[PDB]
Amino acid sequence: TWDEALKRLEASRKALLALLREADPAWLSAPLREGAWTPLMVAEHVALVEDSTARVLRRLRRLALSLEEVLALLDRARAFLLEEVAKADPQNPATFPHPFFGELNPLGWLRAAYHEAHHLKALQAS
């Protein structure tokens, strides 16, 4: 449900921020494997997708490098996302295409929760 996805996003964010803040600096900037991106790139990716999600939610409503840098990007996008979540109608039938999930309404877009869980899991596995 809408409230469940949101409570999940709140939990996975605490887990992510703690992982980043407690990580060895050398690991943060190291490739996860050969040719792979780093944990800090993963975190920036999470932030950009939440920013993008927040803009999708805003459209659906209208139709109705460094740790410091990465942490700041996370906070900003998450504040923006939460603002749009507060303004959303979970039951809004209007849809916007998600590159992987296809046509999703605002609830589908918030269920963001899977995205952060997935990337957090990948980082913990590393």
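Start at 1 and count along the sequence shown; that's the residue number.
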Deposited residues lacking coordinates between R111 and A112 (none, 1 to 3, 4 to 9, 10 or more): 1 to 3
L65 preceded by how many uncoordinated deposited residues after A64: 10 or more
Of 22 to 30 and 77 to 85, the one with larger mean CA B-factor: 22 to 30
Mean Cα B-factor comparison, 117 to 125 or 2 to 10, giving the higher one as deposited: 117 to 125
Which of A72, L60, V49, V42 ranks first by CA B-factor in the deposited coordinates: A72
Chain third (lowest, middle, highest) by recorded CA B-factor, residue given as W37: middle
